[PDB]
Number of protein chains: 4
Amino acid sequence: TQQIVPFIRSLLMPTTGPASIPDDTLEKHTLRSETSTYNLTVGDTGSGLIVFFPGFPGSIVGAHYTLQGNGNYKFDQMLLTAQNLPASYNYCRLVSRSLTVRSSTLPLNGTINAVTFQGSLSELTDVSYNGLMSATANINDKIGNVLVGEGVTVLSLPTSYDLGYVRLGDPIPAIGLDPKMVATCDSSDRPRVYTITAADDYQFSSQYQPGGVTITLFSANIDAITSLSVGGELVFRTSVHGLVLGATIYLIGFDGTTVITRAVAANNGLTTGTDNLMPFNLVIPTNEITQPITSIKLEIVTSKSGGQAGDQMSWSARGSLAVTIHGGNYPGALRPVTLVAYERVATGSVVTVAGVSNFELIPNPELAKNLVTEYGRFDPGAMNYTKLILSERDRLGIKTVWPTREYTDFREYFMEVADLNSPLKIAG
Amino acid sequence: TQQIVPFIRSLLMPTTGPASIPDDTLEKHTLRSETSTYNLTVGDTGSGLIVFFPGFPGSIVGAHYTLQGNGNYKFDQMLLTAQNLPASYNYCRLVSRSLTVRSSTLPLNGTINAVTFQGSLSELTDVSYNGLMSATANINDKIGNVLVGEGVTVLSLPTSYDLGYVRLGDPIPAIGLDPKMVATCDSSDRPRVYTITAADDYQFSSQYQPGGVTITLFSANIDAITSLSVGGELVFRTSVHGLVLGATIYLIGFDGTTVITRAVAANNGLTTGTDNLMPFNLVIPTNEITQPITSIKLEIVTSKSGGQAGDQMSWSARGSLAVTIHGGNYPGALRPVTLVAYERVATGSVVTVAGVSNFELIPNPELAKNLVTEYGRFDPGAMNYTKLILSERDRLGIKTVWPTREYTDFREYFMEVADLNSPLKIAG
Amino acid sequence: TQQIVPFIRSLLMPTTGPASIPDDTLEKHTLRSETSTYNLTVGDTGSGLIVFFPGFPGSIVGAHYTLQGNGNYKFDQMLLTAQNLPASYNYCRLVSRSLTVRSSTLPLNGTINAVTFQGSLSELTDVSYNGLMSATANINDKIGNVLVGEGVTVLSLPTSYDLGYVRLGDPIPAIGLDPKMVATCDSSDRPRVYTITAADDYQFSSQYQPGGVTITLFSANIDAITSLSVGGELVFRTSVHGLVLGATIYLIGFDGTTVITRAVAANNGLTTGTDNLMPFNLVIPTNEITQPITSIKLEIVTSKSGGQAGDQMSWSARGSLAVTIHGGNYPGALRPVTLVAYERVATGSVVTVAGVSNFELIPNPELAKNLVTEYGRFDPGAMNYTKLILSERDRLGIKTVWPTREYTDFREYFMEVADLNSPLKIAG
Amino acid sequence: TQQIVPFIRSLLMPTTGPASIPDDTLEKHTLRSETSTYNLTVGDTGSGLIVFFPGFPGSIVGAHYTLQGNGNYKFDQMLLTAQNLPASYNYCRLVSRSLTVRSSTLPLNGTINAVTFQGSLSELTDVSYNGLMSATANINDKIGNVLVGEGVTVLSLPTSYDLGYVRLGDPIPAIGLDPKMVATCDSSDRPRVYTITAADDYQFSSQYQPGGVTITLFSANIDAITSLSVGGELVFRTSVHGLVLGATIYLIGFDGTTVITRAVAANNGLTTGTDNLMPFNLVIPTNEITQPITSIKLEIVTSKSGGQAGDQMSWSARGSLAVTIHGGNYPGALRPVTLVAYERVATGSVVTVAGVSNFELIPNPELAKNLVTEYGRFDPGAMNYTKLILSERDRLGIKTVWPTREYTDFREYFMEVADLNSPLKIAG
Ligand SMILES: [Ca+2]
Ligand SMILES: [Ca+2]
């Protein structure tokens with residue numbers, strides 16, 4: 001520390017403002033801060049979960065779920081940046097981010113558990129208040145039973161530098177006959193791909209039914225916050241004449257709710273002694289994803305034209321699907337997740353979220369006319385200092401989740417120099 | 001203090017993370033932290049007791065008892081580590097541990113008394129809120145009438161170094177016809193042995209009874225949290241024909257409740273003019289011990305085949321028993337106990353427990369495939385510094401039980417160097 | 001030597017008082033001295049033997065035997081600490097110990113031979129006055145023909161540091177119907193185990209006898225001062241109908257006397273063509289051991305229901321037993337033995353024993369209320385200095401058995417600094 | 001201050017533990033701390049008084065009185081040390097003491113006034129909440145209108161050093177026919193003596209009454225917490241035949257309640273023309289004094305054998321009494337009193353008292369067998385430093401009664417060195 005190092009200051013105290021990342025990604029950019037402010041209402045059980053995406057390169061900060069009588073979560077709302085970055089910028093990179101979670105009202109109240117998990121949302125094996133505590137072995141990535149009144153601070157720590165600029169989901173110039181037409185340029189670099197072999201000569205056998213017989217061929221945990229696509233093909237064989245197949249893909253939210261439902265093939269006759277192809281050509285736009293996607297499943301309906309008492313409908317199925325979630329493997333886009341769980345909070349009280357997110361940004365064409373961009377400030381040793389700090393992360397006690405009181409202490413313990421500027425004022 | 005000394009840091013501030021014990025026990029190990037988080041509910045009397053085992057080499061942290069109208073305690077639950085260490089590790093050693101106890105919700109709220117007692121649970125003569133205060137003469141091992149809102153901090157101070165690695169109660173590969181079959185390898189090194197001479201020619205005499213005459217031959221305070229065994233033999237002599245003996249061993253919990261009941265001999269004819277042997281071959285597995293064992297008693301039922309009005313049944317008994325509690329004398333396993341008693345807390349309010357336990361661990365065979373182990377970091381003078389600190393324990397005011405506010409102050413008073421790392425960043 | 005080193009002072013001059021052992025066994029403890037004072041009477045032969053247990057962690061110091069006309073020893077009494085430590089303390093560790101043995105009255109007076117033997121009492125091959133001298137090859141562990149008037153000094157030298165605290169045989173809270181009921185918590189850590197395969201298809205054959213035929217199946221040298229147990233099983237096979245077996249275990253004292261006798265199976269019918277089990281479930285409490293146990297033997301009585309002239313009773317026997325003596329392998333508990341033999345002392349004269357034993361102690365629950373405990377005084381280099389001294393033991397002539405006159409000289413030769421305390425008195 | 005001075009540390013921060021008083025009273029002693037913990041219930045008026053005896057050499061810490069509707073106090077309970085010192089020790093000396101008084105529960109809340117008065121309880125002219133404030137002129141011995149939630153700290157400041165050891169009221173070995181027999185050895189050194197000349201030829205005159213005529217001859221304020229005796233004699237003269245005198249001594253508590261009542265002479269005929277003696281031979285044992293004694297009064301009943309309408313009974317009385325309260329003048333035994341008054345506290349709320357008392361102690365014969373005693377640690381300049389500190393008491397603002405918040409600040413302002421122990425750890 002001398003004066004200090006703008007980037008370290010920004011990284012460890014994001015509410016302080018942005019600084020350019022001192023890596024090798026030399027783009028002309030501009031630096032911005034976006035606040036997040038939410039007043040969430042506590043449900044009947046007095047318990048709930050905030051899912052944060054600490055590294056998300058853009059306006060999505062997290063999602064809030066209340067816990068319900070029956071032990072299920074129920075989606076409340078997305079937690080966003082104050083304004084929608086893709087409306088003004090085309091490219092983006094996360095510099096630093098911190099968020100605060102505490103109670104502010106009573107209609108001395110409940111506790112919080114928090115973890116930073118090194119995987120995407122659907123990968124967590126246990127998301128209960130208590131179960132959170134073992135999502136990492138890292139002591140500085142979990143905090144237990146912090147009083148809600150005092151609150152918790154979530155600090156975003158890096159998962160890789162020299163990251164590319166991410167395209168935001170920015171609207172692209174387009175005209176179309178449909179009012180509800182939407183055209184964007186999506187986060188794409190570093191896609192995540194899931195491959196699901198749904199069937200390898202899977203035999204299906206069942207008696208006839210008016211209305212048909214529905215099965216769930218498979219269900220698989222995947223993650224999506226933004227646009228994705230499904231490709232691939234199932235091949236069906238049969239000895240039985242006049243079978244008609246229906247198939248639907250469901251994308252399921254964290255709360256078990258159907259987020260998106262897409263008929264992949266409806267009313268589709270099967271021919272005897274031949275391959276019957278069922279292609280998958282699904283594109284799911286960002287705006288359709290009303291809450292984080294947690295799993296995908298495929299249902300198949302089998303029915304017969306004629307039909308009787310005992311008819312026995314049978315088919316064989318083979319094939320694999322590929323689920324590409326665009327930009328999904330970009331560190332921060334899905335990957336690190338910070339969960340903040342609260343319980344025993346009085347029903348009707350307010351859980352207050354306040355955060356600052358800092359970005360390197362490239363303006364969209366209209367803003368670029370009035371927004372000057374520059375290469376980052378050069379200070380050598382900024383990156384080495386960051387590397388040193390992170391290297392000593394555990395001995396310094398630099399947490400991703402803090403009791404706010406401890407984070408406040410840390411701020412003043414660190415940051416003991418901010419020294420005006422000695423004789424520039426008297427120099428010459 | 002220079003930078004500092006990882007071990008001292010861990011010992012005095014366990015929430016900070018683990019460090020290797022700088023003794024002579026050089027094993028390849030790995031270092032881990034496990035949190036403990038509980039939200040306990042206050043009962044009708046507004047009063048209760050938390051029993052901590054500050055030195056326990058494993059996942060058992062303590063037990064919670066509520067105090068009842070009639071002045072008895074009633075077991076609530078075991079307080080454990082976040083995850084069950086024996087499921088993942090085979091050997092273990094406690095590095096450091098701290099726990100916090102404070103109220104978090106209102107249904108401001110009562111007082112705490114706490115002590116660290118240099119003996120096992122059943123050895124305490126007085127466990128009432130007030131009586132606690134005289135369990136030690138050591139001023140830094142007791143704290144009185146701390147406000148519950150502010151809370152108490154329990155700090156685990158060593159009871160011996162150069163301790164062996166303890167085998168956790170880890171499951172061992174086994175197949176068996178019984179679904180409920182359980183096979184473990186238990187904490188064994190340093191067993192504790194109790195010897196009870198239950199009778200030395202004890203004469204029994206009583207009139208006949210349909211259903212028999214039951215006596216409690218003896219009752220004795222012992223301690224067990226994990227597996228134990230009972231061995232030995234009673235020998236019975238008699239002049240009366242056709243006497244049948246029943247005998248049962250009861251292991252009683254801290255709350256006076258029967259934890260385990262084992263028939264040692266049921267329906268057992270006594271022959272005239274001969275020794276009649278009653279062997280003890282009891283093995284009590286860990287999983288059967290649902291709460292800490294506090295005493296053992298033996299009941300004997302005496303009945304006669306025929307029977308009338310006045311029949312006078314008599315026998316003479318001789319023999320001693322041995323109760324071996326496996327690994328019981330391992331310092332920390334039973335020995336030091338920290339009691340945290342609360343009273344005058346409003347009924348229905350939450351007493352919140354949060355702790356961190358630090359361990360040296362050896363992975364089980366499956367984890368050992370992916371868990372690198374190492375000999376501890378060498379720093380000379382770490383142990384001498386520890387010895388110095390502990391030697392000056394009282395003048396430094398290093399308590400095992402703290403008002404949390406005072407412990408917090410101590411943390412910042414100590415730990416005045418954590419200094420980044422000066423020119424490594426500028427060296428060469 | 002600077003001032004000096006409390007521990008070295010205590011180790012080499014125990015009459016000086018206790019000091020904490022400077023090892024890694026960091027327990028809160030208290031330091032105490034216990035004297036031993038005995039005036040033993042010399043028997044008819046003018047000859048006898050004192051067996052010392054120099055390292056015994058507790059109140060047992062040794063035992064006195066007189067030598068008799070027929071060349072046998074006869075037990076006189078146990079030599080103990082002034083007060084019974086287990087009545088006041090639960091845990092204990094030996095710091096240092098010295099004892100003096102000299103004549104004090106005339107009814108000038110005979111000679112002493114002494115050795116420190118690196119094994120337990122029963123392991124000595126030769127315990128005669130003269131034979132002692134070859135129990136070790138170590139010149140500083142034997143002393144020959146010291147005049148009784150001048151006397152001998154026994155100095156306890158370490159057999160391992162970093163020893164655990166030993167549980168004393170302390171009474172445990174217990175109620176029972178029998179007045180003579182005794183419940184203790186025994187020295188257990190580091191048990192010693194003997195395994196005796198008493199028979200491997202041993203054939204027995206003998207003619208009938210009214211009253212039976214008794215054999216001694218085996219006899220084996222073992223050591224016990226405190227509680228022990230016998231486990232295991234013999235299995236008997238036979239072709240002869242109506243055989244009844246009796247079996248008794250005898251624990252024999254150093255003087256050939258029966259200390260303890262326990263019927264293991266009395267009146268026990270053997271069935272033809274089957275295994276007949278004879279289990280061993282013996283627990284022998286400390287208080288029953290009136291003098292050191294030196295061997296164990298098992299007698300078996302064989303009798304027949306019917307019986308005639310020539311009947312030939314036969315059985316086959318198989319099995320092994322295990323004798324566990326609790327805490328038996330704890331260095332000091334049984335292991336080093338110092339023998340002080342005297343002869344040619346006038347009958348009726350007094351052999352005077354005076355000693356000091358120094359301990360680290362943990363008080364029992366009742367005393368713990370008024371007994372402050374602390375971690376040991378820290379002085380670095382205390383242990384290294386001890387290691388150096390012991391490393392040079394032979395060149396320094398540090399004996400375990402001394403002519404008292406030579407030990408006295410050594411005391412004043414060593415210990416040439418005890419220097420008041422220069423200007424603290426004038427400092428500031 | 002260098003490191004510091006154990007005694008000053010103990011004196012100014014008693015919760016820190018005991019230290020030997022650095023005066024000339026060189027006794028082999030032991031050092032102990034005793035906590036005091038009470039949860040007092042607030043009465044109907046929301047107002048009450050705690051009387052502390054800050055210098056009391058023993059287990060009596062103070063007494064709690066609630067204030068009542070009618071403006072009278074009513075005794076609640078004695079405030080004691082955690083355990084009864086006289087059960088374990090025979091002699092005692094107070095080193096240092098501090099106590100904390102604050103509210104803890106609610107069914108913010110009230111105020112506290114406190115003073116240290118340089119006299120015994122009964123000597124206070126005004127004990128009302130407001131009146132307290134003028135019991136001393138010393139600004140550092142009074143504190144006004146401290147919030148109850150924050151609380152008050154009572155610090156015991158010396159009233160003389162070189163005090164003798166005080167005998168505690170320890171039980172003495174005794175057998176007697178009465179179960180309720182009690183034999184103690186009492187605080188005696190430095191008795192306090194009151195002399196009351198109850199009459200100097202006091203003429204009594206009154207008409208006859210069936211049942212008699214009762215008068216209160218005198219009433220006088222005295223102080224007693226422990227055993228006292230009354231000696232002396234009244235002499236009665238009369239001209240009237242057949243007068244019978246009854247006389248009773250009452251010892252009255254602070255709350256106006258009779259603590260002890262003793263008939264001094266019942267039914268006692270007076271002879272004409274002679275001295276009629278009425279001796280006083282009262283011994284009042286400690287255990288009879290259920291609350292502090294505040295005054296003594298003597299009532300006399302006068303009756304006549306015969307009796308009529310107008311009979312005029314007359315007597316003359318002369319004499320003085322002496323009330324000796326044993327050890328009463330020992331500084332601390334009665335003398336300094338600290339009053340903590342609260343008012344406007346909500347009815348039913350808890351006023352929490354927590355304290356530490358530090359003592360030099362000599363064990364009773366049974367404990368002396370296991371309790372090592374020593375002369376105090378020598379440090380020169382300890383007493384001079386104490387004398388300096390006290391000499392500058394007012395400029396340093398060292399109070400006997402503090403707002404707890406101010407005392408806490410003082411603790412950290414003082415006590416700025418507690419410095420581990422620099423290179424002992426690296427010396428040689
Ligand atoms: Ca790079
Ligand atoms: Ca060692």
Side-chain angles (χ1 to χ4, degrees), chain A residues 139-140 142-147 150 152-153 392-399 401-416, chain B residues 1 4-19 33 35-36 54 95-102 112 114 116 140-141 143 146-147 149-158 338 352-358 385-386 388-390 392-420, chain D residues 13 15-16 408-409 411-413 415-420:
Chain A
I139 193 58
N140 291 309
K142 62 178 81 160
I143 200 74
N145 278 349
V146 178
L147 299 204
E150 174 202 322
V152 131
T153 301
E392 299 282 321
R393 184 226 179 176
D394 295 316
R395 101 148 186 112
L396 291 168
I398 294 159
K399 307 180 169 288
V401 288
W402 303 72
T404 292
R405 155 89 289 180
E406 282 188 9
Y407 176 75
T408 290
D409 284 358
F410 169 79
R411 281 179 69 161
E412 81 185 71
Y413 193 84
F414 171 68
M415 222 289 295
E416 277 232 355
Chain B
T1 47
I4 32 179
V5 174
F7 180 70
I8 282 307
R9 189 171 182 254
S10 185
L11 175 68
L12 296 179
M13 295 154 82
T15 57
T16 247
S33 298
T35 53
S36 290
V95 173
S96 59
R97 162 142 57 211
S98 74
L99 294 134
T100 279
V101 179
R102 70 192 312 212
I112 289 168
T116 301
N140 291 309
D141 289 313
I143 200 74
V146 178
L147 299 204
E150 174 202 322
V152 132
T153 301
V154 175
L155 180 67
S156 166
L157 291 184
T338 292
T352 298
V353 177
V356 172
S357 296
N358 295 298
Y385 194 79
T386 308
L388 173 63
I389 290 309
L390 293 176
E392 299 282 322
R393 183 226 179 176
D394 295 316
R395 101 148 186 112
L396 291 168
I398 294 159
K399 307 180 169 289
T400 51
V401 288
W402 303 72
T404 292
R405 155 89 289 180
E406 282 188 8
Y407 176 75
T408 290
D409 284 358
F410 169 79
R411 281 179 69 161
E412 80 185 71
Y413 193 84
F414 171 68
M415 222 289 295
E416 277 232 355
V417 164
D419 206 341
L420 331 155
Chain D
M13 295 154 82
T15 57
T16 247
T408 290
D409 284 358
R411 281 179 69 161
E412 80 185 71
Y413 193 84
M415 222 289 295
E416 277 232 355
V417 164
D419 206 341
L420 331 155

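Throughout, protein chains are lettered first and strands after them, A, B, ... in sequence-line order, and every chain is numbered starting at 1.
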(request) Take B/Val152 and B/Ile143 through the test side-chain contact (heavy atoms from CB on, under 4.5 Å) and record every step on the way to the result. (result) CA-CA 9 Å; B/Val152 132; B/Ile143 200 74; 3.9 Å; yes

(request) Test B/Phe410 against B/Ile398 for side-chain contact (heavy atoms from CB on, under 4.5 Å), laying out the working first. (result) CA-CA 9 Å; B/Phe410 169 79; B/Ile398 294 159; 4.0 Å; yes

(request) Before giving the answer on side-chain contact (heavy atoms from CB on, under 4.5 Å), spell out for B/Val353 and A/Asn145 the whole-Å C-alpha distance, their side-chain angles and the decisive distance to 0.1 Å. (result) CA-CA 7 Å; B/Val353 177; A/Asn145 278 349; 5.7 Å; no

(request) Using the side-chain contact (heavy atoms from CB on, under 4.5 Å) rule, take B/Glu392 and D/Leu420 through it: C-alpha gap first, then chi angles, then the decisive distance, then the call. (result) CA-CA 8 Å; B/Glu392 299 282 322; D/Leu420 331 155; over 6 Å; no

(request) Begin from the C-alpha positions of B/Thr16 and B/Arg9 and carry the test side-chain hydrogen bond (donor to acceptor under 3.5 Å, both in side chains) through to its verdict. (result) CA-CA 7 Å; B/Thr16 247; B/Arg9 189 171 182 254; 3.2 Å; yes

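Between the side chain of B/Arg393 and the backbone N or O of B/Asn140, at least one donor-acceptor pair lies under 3.5 Å.
Across every non-hydrogen atom of B/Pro158 and B/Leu390, the tightest pair is CG-CD1, 3.5 Å. Here the closest non-hydrogen pair linking B/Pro18 and B/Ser10 is CA-OG, 3.6 Å. Of all heavy-atom pairs between B/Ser36 and B/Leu99, the closest is CB-CD2, 4.2 Å.
For the side-chain contact (heavy atoms from CB on, under 4.5 Å) with B/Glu406, the lone residue among B/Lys399, B/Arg411, B/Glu150 that qualifies is B/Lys399. Checking each of B/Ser156, B/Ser96, B/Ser98 against B/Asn358 for a side-chain hydrogen bond (donor to acceptor under 3.5 Å, both in side chains) leaves exactly one that passes, namely B/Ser96.
Here A/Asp409 contributes atom CG and A/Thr404 contributes atom OG1; the two are 11.0 Å apart, rounded to the nearest 0.5 Å. Note that CG of B/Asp141 is 3.5 Å distant from OG1 of B/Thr400, once rounded to the nearest 0.5 Å. In this structure, CG in B/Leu155 is found 6.5 Å from CG in B/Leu11, a value given to the nearest 0.5 Å.
A salt bridge does not link A/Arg395 to B/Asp419: none of the charged side-chain nitrogens sits closer than 4.0 Å to a carboxylate oxygen.
A side-chain donor from one of B/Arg97 and B/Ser357 sits under 3.5 Å from a side-chain acceptor of the other.
Residues A/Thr153 and A/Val401 have side chains not in contact (no heavy-atom distance under 4.5 Å, counting atoms from C-beta outward). Between B/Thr1 and B/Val5, the closest side-chain pair of non-hydrogen atoms is not below 4.5 Å.
The aromatic rings of B/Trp402 and B/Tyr407 sit perpendicular to each other, their planes meeting at more than 60°, with 30° as the lower class boundary.
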